[PDB]
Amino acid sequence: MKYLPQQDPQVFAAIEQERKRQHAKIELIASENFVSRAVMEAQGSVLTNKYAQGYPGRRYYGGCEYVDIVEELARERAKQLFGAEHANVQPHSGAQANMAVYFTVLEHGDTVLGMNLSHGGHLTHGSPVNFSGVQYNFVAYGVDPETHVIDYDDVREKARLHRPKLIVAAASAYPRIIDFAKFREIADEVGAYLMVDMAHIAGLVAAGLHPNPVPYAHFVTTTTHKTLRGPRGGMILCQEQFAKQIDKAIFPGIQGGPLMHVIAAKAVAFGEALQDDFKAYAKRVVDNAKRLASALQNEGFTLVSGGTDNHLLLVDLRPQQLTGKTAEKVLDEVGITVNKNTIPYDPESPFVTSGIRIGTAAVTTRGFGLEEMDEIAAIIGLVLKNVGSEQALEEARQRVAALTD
C-alpha cells in the first residue's frame, strides 16, 4: 500500500495488525481461507466506481461494455467449473444468494424443509431470528443420533408429512458427503423444489472431490469464499428454465447495483479454480482433513460421525468434560483459531456447545501438509488435556510459533 499509510494511519495500522495476525495464528475456522494477491487486486480496482444495475448487454446504465466482459467471464467460468446451465454472480453474500432463491419460488409463509440447525444446518436455513424462519415456515430433518449421518428416511418422512414447497440441503457443520440424488428423489416424491447450499464444499465440488449437486438441484447456492478460495460474496447456479426468474429475484428483486470489483475478483477466483494446481490444492485439503481427524482420534478425541469426508471435522468434547466455549477460549490463548459448534443432539445451548468445528482449507493454502496436521493434533491434545497448566499452554504457544515460521 502507498496512499492509505499516509491518508489514514489509524486504518492502515489496524489492517497491518490483521495482516500480521493472519500469518501468526493457526487458522482452523472451516469457512475461512486466504485469497491470492490477484483476487485482492481485482477487489481494489476502479470497478467500484461503476453502476451496473441489470445484466450484461441488458444494463440500465450506459458505459458498461467492459464490466459486461468481466461479469460474463465470471458467469462462463462458473458454468464451465460446475457444469451449470446458468450462473448469477451478483449476490453480495451467501445470505443474499439464498434469499434470492427463496424470493423466486416461495410466497410468504410457505413450508420449507431444511437441515436441523443444531445438526449442521445454516442460519439462513430457517433460524427464527433470521429472515428465512420469519418469512417462511421451516421444518427440520435430522441426523442419526449414533452415526451423525443425515437420516434420509427422516428427510422423506418430514417431506411427506409437512409437504414443503422447497427442500434445502447442505450445511455449515456436516463432515460427511451429502447424497443429492436421494434429496431429489424425496423432492420428486412430494413435488418440492430442491435447493442445495454448497457454500462450504464448493471448492471440493469444483475439484471433483465432492459429488456435484448441479444435476440434482433446481437451484444451487454458494459463497465464493470458503473452499472455493475466492472473494467474499455469493453465487446462484440453476437450470436454464429458472434463469430469468433467478436474475429478476436478484435484480430488481432483492438487490440493486452489483459490486463489479468483487465480480471481477470472482472471475479471477474461478480462473484459478479451473487450473490443475487448485485441483491438487483441494485434494490436499481433504487429505489434510482426514489426517487431522485420524491424528485427533489418536490423541483420544471423539469426532462427530467418526471422522470426515470433506474439509471439516467436529470434535465432540463431552468425553473430556469440556464445552466448545472452553476449548475455543483456551485454544485462542495459544494461537489456534477454532469456533465452538453445536454437535448433533447437544445437551448445551448454541452459545456454549459441546464441540469445536475445525477446517483445513486455510492451513492447506499456507502450505501445511500431513506432518503439520499431526503436529496440530498434538498441540490440540496437549492444550485440551491440560487446560489448567500454564507451562503446557506456553509449550503449545511455542509449538504454534514453530509451525507458522
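Numbering starts at 1 and runs along the sequence shown.
Problem - 239-247 set against 257-265, stretch whose average Cα temperature factor tops the other in the entry - result: Looking at the recorded C-alpha B-factors, 239-247 comes out higher on average.
Handout entry: Stretch with the higher entry mean CA B-factor, where the candidates are 58-66 and 356-364
Key = For C-alpha atoms only, the mean B-factor is higher in 58-66.
Handout entry: Peak C-alpha temperature factor (PDB record), options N98, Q90, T223, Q275
Key = That would be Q275.
Handout entry: Ranked C-alpha temperature factor of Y51 among modelled chain residues, by third
Key = For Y51, the deposited C-alpha B-factor lands in the middle third.
Problem - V35 by Cα B-factor - lowest, middle or highest third of the modelled chain - result: Its C-alpha B-factor, which the entry lists for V35, ranks in the lowest third among residues of this chain.
Practice task
Report the third (lowest, middle or highest) to which the CA temperature factor of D110 belongs, ranking only the modelled residues of the same chain.
Solution key: It falls in the middle third of the chain.
Handout entry: Chain-wide C-alpha B factor ranking for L322, given as lowest, middle or highest third
Key = For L322, whose C-alpha B-factor we compare with every modelled residue in the chain, the answer is the highest third.
Practice task
Divide the modelled residues of the chain into thirds by Cα B-factor and specify which third, lowest, middle or highest, holds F131.
Solution key: Its C-alpha B-factor, which the entry lists for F131, ranks in the highest third among residues of this chain.
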